[PDB]
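Notes follow the structure.
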Amino acid sequence: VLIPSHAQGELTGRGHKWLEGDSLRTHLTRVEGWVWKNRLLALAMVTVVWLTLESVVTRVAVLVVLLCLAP
Amino acid sequence: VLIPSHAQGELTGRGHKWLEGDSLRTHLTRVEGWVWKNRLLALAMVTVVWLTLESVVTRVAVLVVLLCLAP
Amino acid sequence: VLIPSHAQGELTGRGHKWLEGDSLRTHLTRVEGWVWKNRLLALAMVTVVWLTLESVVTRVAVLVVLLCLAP
Amino acid sequence: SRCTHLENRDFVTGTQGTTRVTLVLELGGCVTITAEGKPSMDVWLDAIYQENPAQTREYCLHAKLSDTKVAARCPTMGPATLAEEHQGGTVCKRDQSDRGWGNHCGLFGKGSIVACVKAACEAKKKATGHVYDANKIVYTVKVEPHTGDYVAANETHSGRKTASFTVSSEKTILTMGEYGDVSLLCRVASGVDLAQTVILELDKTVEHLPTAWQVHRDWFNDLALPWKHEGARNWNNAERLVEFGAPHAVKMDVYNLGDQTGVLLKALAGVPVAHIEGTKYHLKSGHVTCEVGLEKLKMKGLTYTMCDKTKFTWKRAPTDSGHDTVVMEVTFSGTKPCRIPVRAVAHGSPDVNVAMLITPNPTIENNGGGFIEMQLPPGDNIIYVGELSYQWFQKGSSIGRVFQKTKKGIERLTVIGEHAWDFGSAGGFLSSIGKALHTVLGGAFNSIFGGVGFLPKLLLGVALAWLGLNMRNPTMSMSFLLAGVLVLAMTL
Amino acid sequence: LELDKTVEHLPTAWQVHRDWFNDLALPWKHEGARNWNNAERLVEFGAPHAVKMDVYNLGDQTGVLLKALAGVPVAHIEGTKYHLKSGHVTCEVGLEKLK
Amino acid sequence: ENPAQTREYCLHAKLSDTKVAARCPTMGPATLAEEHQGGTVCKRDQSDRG
Amino acid sequence: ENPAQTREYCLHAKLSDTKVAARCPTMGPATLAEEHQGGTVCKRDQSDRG
Ligand SMILES: *[C@@H]1O[C@H](CO)[C@@H](O)[C@H](O)[C@H]1NC(C)=O
């Protein structure tokens, strides 16, 4: 049975937590894990943008979802 | 002193050869040198796309050209 | 493996410098590289002018750029 | 076999009704030929060299400056003659400095000044270009049959005959042991374009460098360095490595541009290397067309029998070649020599043998035999060697291997392939129509551009393709169709 | 994949996939290779104060691997034979000599 | 019957022989003999030299 | 007078004791003792073993 991570208390920041901003960029380097290791899917997420949506402003949230959501 | 490269010839090759893996990628490191080290001017390039005459075919034929101008 | 030039830097100068009448003219002699070796391309850029463009103002912006892009 | 020592291996089958087959023997490939009812042969080009050919323009990459003298005069006191101007290998430059009274003049203004040096060269810092004379050029072709023995790369094969092909001796016969004779006819003229090839040479005694290179002619004739011949003492245009600074009225300083070796080595990106084994100047890449006559060959072991079924043991594990063939080696310690019972059934029908052999008629000799190679269709395959068998799955697909032959039929069509359409053999309206479509094509397209490179090819192609959209006459809009060829073809 | 089999209360062998196996960002080595390749993964750093940055030991990974992980199979070892527990194999069965 | 092995993976690491060195901002940035020994993990970083 | 010198550079390389090791694909990929030594340049690659 898992133990959740403690990212929902951020208490202070003047001593030394474990990892600085890199731990905040775990879900910003794993996204590059989605990009570089799934180039098939990385190119498959372009056909959603300019063929199905036609919704220029609201395309950003669509580009975030299905990339950053899944682990 | 001037020497142009042997990019002109590129005559044969099925034995051993030079750094053709990183010969065309000399320029691909140069232009990314123009990007990663001049980020203000790299973001200055966006002011031609969505502000000036954005005729569909003549967007990229101005962009990639202007990026590859700077040696 | 690439050392960038001091096209970029250009700090100062009232002393002595290397090649101030050639730094600008290395590229001009390289253009002579893409003309004297490529006289057939010197003829190939003529058909760009009078048979295709019909855009007198933008003709120079085609010719000079397509010569300077050639490294 | 030598074809199982490297990557590029191209099979050319031999039909019955056609026994004289034209090949293309590139340098760095190995063509295995499988003729029906004949022993299958391995043919490859070994080396392309010349025993100390002529040499052209050399270039000194590190100028040896010496005897640096500066003449200067007051502005109206006679621009000074120097005896050092009048020898070759000397660089001089006139200039107008500004004389003061700090250097003992009578007047000021534009003081005339000139400096001179003796631009010698550094030891073993010569960029020696060479050319080819086809009088001493040699194309070496070694042919090795399948004797049942496998021989290593560091070893040599006893039955490996060697044929040298100069332009003077263009018809050669090689007795392939008991297998018979092979008739080889290689036209040296219809091979490597020797006219537009410069062999560059730096210090060969430097350990960690390529000995020679293989560069373009008109590239090499328009370098911007000092340049002398064989046995020349004077230099020409040596002012390229020698750059004069601005003076201060007495001594216009002269500055060497140092060594330019790495400068040249950055200009050799995409070059094929060239070995120098002392006398010979080897190439490592090339192409030639040869003709392989197998009518004077025959098998070995036709007056023998099928072997025992039992005494075969695996010395060696049947594995895939990386080119859809299965190699092995048996230890038969019995009734020698004999035709090995090589057979390989498929999945779906255990009746039919489908073993498309590469070594035909394998025999375990009194000192030889063992190496067997076969090509198989996809699926489960039980390769019997007597009672001894082997479960094998051929990992390639059915259409995948044919598509692999098309992949070779694409990647072979680089500048080697622009001359090479003799992968077939007297096709009539198949092969000669390939020459009819492509000889004028590659013949004209290499003539234009002068050779310009991937960046200006994928620039000017896209440029003319953009000019296709801005077209006045739709009947003359096939210039766009010409432009479409100028993008996709030259990406090899 | 094989951990300490001498631990009494565990399975002995396991069965996992090659792609994820090369996506393991634990420090690795081969048979006889002395030192760990990419050893900067169980070893991390911090920020000093002008003198000493303390290179922190980071510990064990028996839980992240095997315990919070969603739907992976197992295997078995009995001595010197690395068994499996999942599998499949195509066999043709000829009953022609039976009675 | 004992197949070949691939990459092995350490679970519980062990550290010893920890050596730390720093330098002033313009006094030749730090080196160690264990920067290029086998099985040694290092990191260059900017401290705040008082 | 003798200011604090920064990064030196090397323009001409000195190369000696060239050591090459190769392995089969699935027989424990190639390692050397000089891979981790100081002043050494290495590059891991894959050959075509016959
Ligand atoms: C060829 O190389 C192998 C590999 O170590 C060696 O065992 C064999 O003895 C060598 N033979 C010769 C003639 O060098």
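Residues are named by chain letter and number: chains run A, B, ... in the order of the structure tokens, numbers start at 1 in each chain, and ligands are numbered from 1 in the order shown.
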
Using only C-alpha atoms and a distance of at most 9 Å, pull out the residues of chain C that contact chain D, as a PyMOL selection string. chain C and resi 1-2+16-19+33-34+37-41+48+51-54+66+69-71

Would you output that residue set with N, CA and C atoms, as an mmCIF file, in the first residue's frame?
```cif
data_model
loop_
_atom_site.group_PDB
_atom_site.id
_atom_site.type_symbol
_atom_site.label_atom_id
_atom_site.label_comp_id
_atom_site.auth_asym_id
_atom_site.auth_seq_id
_atom_site.Cartn_x
_atom_site.Cartn_y
_atom_site.Cartn_z
ATOM 1 N N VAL C 1 32.591 20.254 -33.040
ATOM 2 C CA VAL C 1 33.648 21.139 -32.452
ATOM 3 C C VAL C 1 33.690 22.466 -33.203
ATOM 4 N N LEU C 2 33.373 23.548 -32.498
ATOM 5 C CA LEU C 2 33.169 24.846 -33.128
ATOM 6 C C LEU C 2 33.460 25.960 -32.140
ATOM 7 N N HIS C 16 45.431 47.841 -31.818
ATOM 8 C CA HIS C 16 45.603 47.084 -33.051
ATOM 9 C C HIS C 16 44.687 45.880 -32.984
ATOM 10 N N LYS C 17 44.080 45.539 -34.117
ATOM 11 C CA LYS C 17 43.170 44.400 -34.214
ATOM 12 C C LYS C 17 43.628 43.454 -35.317
ATOM 13 N N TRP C 18 43.005 42.280 -35.377
ATOM 14 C CA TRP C 18 43.401 41.240 -36.333
ATOM 15 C C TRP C 18 43.084 41.551 -37.789
ATOM 16 N N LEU C 19 41.797 41.500 -38.116
ATOM 17 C CA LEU C 19 41.327 41.558 -39.487
ATOM 18 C C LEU C 19 39.998 42.299 -39.480
ATOM 19 N N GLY C 33 33.000 32.577 -53.432
ATOM 20 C CA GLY C 33 32.983 31.111 -53.426
ATOM 21 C C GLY C 33 31.725 30.482 -54.020
ATOM 22 N N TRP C 34 30.552 31.037 -53.711
ATOM 23 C CA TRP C 34 29.281 30.538 -54.274
ATOM 24 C C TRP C 34 28.925 31.132 -55.645
ATOM 25 N N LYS C 37 32.812 29.413 -58.295
ATOM 26 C CA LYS C 37 32.691 27.957 -58.432
ATOM 27 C C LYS C 37 31.340 27.533 -59.015
ATOM 28 N N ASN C 38 30.335 28.403 -58.907
ATOM 29 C CA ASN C 38 28.960 28.075 -59.280
ATOM 30 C C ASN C 38 28.385 29.093 -60.267
ATOM 31 N N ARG C 39 29.070 29.235 -61.397
ATOM 32 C CA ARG C 39 28.652 30.154 -62.464
ATOM 33 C C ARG C 39 27.321 29.714 -63.092
ATOM 34 N N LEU C 40 27.072 28.404 -63.081
ATOM 35 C CA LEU C 40 25.780 27.841 -63.478
ATOM 36 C C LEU C 40 24.665 28.253 -62.505
ATOM 37 N N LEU C 41 24.984 28.335 -61.210
ATOM 38 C CA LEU C 41 24.063 28.929 -60.225
ATOM 39 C C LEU C 41 23.979 30.447 -60.334
ATOM 40 N N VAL C 48 15.342 33.397 -61.481
ATOM 41 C CA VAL C 48 14.608 33.845 -60.302
ATOM 42 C C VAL C 48 14.048 35.259 -60.525
ATOM 43 N N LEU C 51 11.751 35.740 -64.713
ATOM 44 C CA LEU C 51 10.760 34.735 -65.139
ATOM 45 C C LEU C 51 9.771 34.272 -64.060
ATOM 46 N N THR C 52 10.079 34.507 -62.783
ATOM 47 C CA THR C 52 9.266 33.984 -61.674
ATOM 48 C C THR C 52 8.652 35.064 -60.783
ATOM 49 N N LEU C 53 9.484 35.984 -60.297
ATOM 50 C CA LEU C 53 9.073 36.931 -59.254
ATOM 51 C C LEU C 53 8.044 37.974 -59.694
ATOM 52 N N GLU C 54 8.429 38.848 -60.628
ATOM 53 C CA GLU C 54 7.623 40.028 -61.005
ATOM 54 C C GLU C 54 7.307 40.895 -59.766
ATOM 55 N N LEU C 66 19.500 34.427 -50.463
ATOM 56 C CA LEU C 66 19.837 33.095 -50.977
ATOM 57 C C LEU C 66 21.327 32.911 -51.291
ATOM 58 N N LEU C 69 22.872 32.889 -47.299
ATOM 59 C CA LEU C 69 22.523 31.613 -46.651
ATOM 60 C C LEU C 69 23.505 30.495 -46.977
ATOM 61 N N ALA C 70 24.024 30.505 -48.204
ATOM 62 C CA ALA C 70 25.069 29.575 -48.611
ATOM 63 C C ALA C 70 26.344 29.880 -47.805
ATOM 64 N N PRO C 71 26.755 28.956 -46.906
ATOM 65 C CA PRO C 71 27.825 29.255 -45.946
ATOM 66 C C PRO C 71 29.228 29.230 -46.553
#
```

Neighbour list for residue D:129 as a list in words, cut-off 6 Å, only C-alpha atoms, skip fewer than 5 positions in-chain: residues 55, 56, 57, 58, 198, 199 and 200 of chain D

Export of prior selection with N, CA and C atoms as a tab-separated table (two decimals), in the first residue's frame:
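Result saved to selection-v6.tsv:
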```tsv
chain	number	residue	atom	x	y	z
D	55	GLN	N	51.34	13.84	-57.83
D	55	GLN	CA	50.77	14.73	-56.85
D	55	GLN	C	50.65	16.13	-57.43
D	56	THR	N	49.75	16.89	-56.83
D	56	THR	CA	49.32	18.18	-57.34
D	56	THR	C	49.80	19.25	-56.37
D	57	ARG	N	49.17	20.42	-56.44
D	57	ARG	CA	49.25	21.45	-55.41
D	57	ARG	C	49.35	20.87	-53.99
D	58	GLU	N	50.38	21.28	-53.26
D	58	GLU	CA	50.44	21.04	-51.82
D	58	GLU	C	50.02	22.34	-51.15
D	198	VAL	N	40.47	14.20	-55.54
D	198	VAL	CA	41.75	14.59	-54.99
D	198	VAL	C	42.00	13.78	-53.71
D	199	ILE	N	43.13	13.09	-53.66
D	199	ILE	CA	43.59	12.43	-52.45
D	199	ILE	C	44.49	13.38	-51.69
D	200	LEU	N	43.99	13.84	-50.54
D	200	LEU	CA	44.70	14.78	-49.68
D	200	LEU	C	45.61	14.01	-48.74
```

What's the 10 Å shell around residue G:33, counting only C-alpha atoms, without same-chain residues fewer than 2 positions away, as an MDAnalysis selection string? (chainID E and resid 33:35) or (chainID F and resid 37:38) or (chainID G and resid 19 31 35:37)

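Those residues of chain E that fall within 10 Å of chain A when using only C-alpha atoms read residues 44, 45, 46, 47, 48, 56, 63, 64, 67, 68 and 69 of chain E.
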
Compute the chain E side of the contact with chain F at 8 Å, counting only C-alpha atoms, and hand it back as number ranges by chain. E: 26-31, 34-37, 39-40, 42-43, 45, 47-53, 55, 57-62, 80-82

DSSP-assigned helix (DSSP H, G or I) among stretch 128-286 of chain D, expressed as a PyMOL selection string: chain D and resi 177-179+217-220+238-240+261-266

Can you work out which residues from chain D touch chain G at a cut-off of 8 Å (counting only C-alpha atoms) and hand them back as an mmCIF file with C-alpha atoms, in the first residue's frame?
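Contents of out.cif, freshly written:
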```
data_model
loop_
_atom_site.group_PDB
_atom_site.id
_atom_site.type_symbol
_atom_site.label_atom_id
_atom_site.label_comp_id
_atom_site.auth_asym_id
_atom_site.auth_seq_id
_atom_site.Cartn_x
_atom_site.Cartn_y
_atom_site.Cartn_z
ATOM 1 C CA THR D 4 29.955 -12.834 -42.883
ATOM 2 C CA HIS D 5 32.607 -10.395 -41.545
ATOM 3 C CA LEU D 6 30.743 -7.162 -42.283
ATOM 4 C CA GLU D 7 27.404 -5.396 -42.560
ATOM 5 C CA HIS D 208 45.912 9.491 -34.526
#
```

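With only C-alpha atoms and all ligand atoms as the atoms that count, the set of residues no farther than 8 Å from ligand 1 is residues 152, 153, 154 and 155 of chain D.
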
Chain D residues near chain E (12 Å cut-off, only C-alpha atoms) as a PDB file with C-alpha atoms, in the first residue's frame:
```
ATOM      1  CA  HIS D 347       5.279 -24.376 -40.026  1.00  0.00           C
ATOM      2  CA  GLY D 348       1.935 -25.361 -41.629  1.00  0.00           C
ATOM      3  CA  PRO D 350       6.068 -30.534 -42.346  1.00  0.00           C
ATOM      4  CA  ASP D 380       8.790 -21.919 -37.255  1.00  0.00           C
TER       5      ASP D 380
END
```

If you count only C-alpha atoms, which residues fall within 8 Å of residue D:299, apart from same-chain ones fewer than 4 positions away, as a PyMOL selection string? chain D and resi 37-39+179+360-361

Just to be explicit: take each residue in the selection above, keep N, CA and C atoms, and write the result as a compact mmCIF listing (two decimals), in the first residue's frame.
```txt
# COMPACT_ATOMS: atom_id res chain seq x y z
N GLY D 37 22.64 -25.03 -59.52
CA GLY D 37 23.52 -26.06 -60.09
C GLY D 37 25.00 -25.72 -60.17
N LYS D 38 25.42 -24.68 -59.45
CA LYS D 38 26.81 -24.22 -59.43
C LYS D 38 27.16 -23.85 -57.99
N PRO D 39 28.46 -23.90 -57.64
CA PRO D 39 28.85 -23.52 -56.29
C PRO D 39 28.70 -22.02 -56.08
N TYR D 179 36.69 -26.46 -57.30
CA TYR D 179 35.40 -25.92 -57.76
C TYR D 179 35.40 -25.50 -59.22
N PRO D 360 25.99 -24.43 -50.99
CA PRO D 360 25.45 -25.65 -51.58
C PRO D 360 26.41 -26.82 -51.40
N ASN D 361 25.85 -28.01 -51.21
CA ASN D 361 26.64 -29.23 -51.11
C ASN D 361 27.72 -29.16 -50.01
```

So, with only C-alpha atoms as the atoms that count, which of D:396, D:379, D:362, D:79 lies closest to residue D:321? D:396

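The backbone trace of chain C, superposed onto chain A over all C-alpha atoms paired in order, deviates from it by an RMSD of 1.0 Å.
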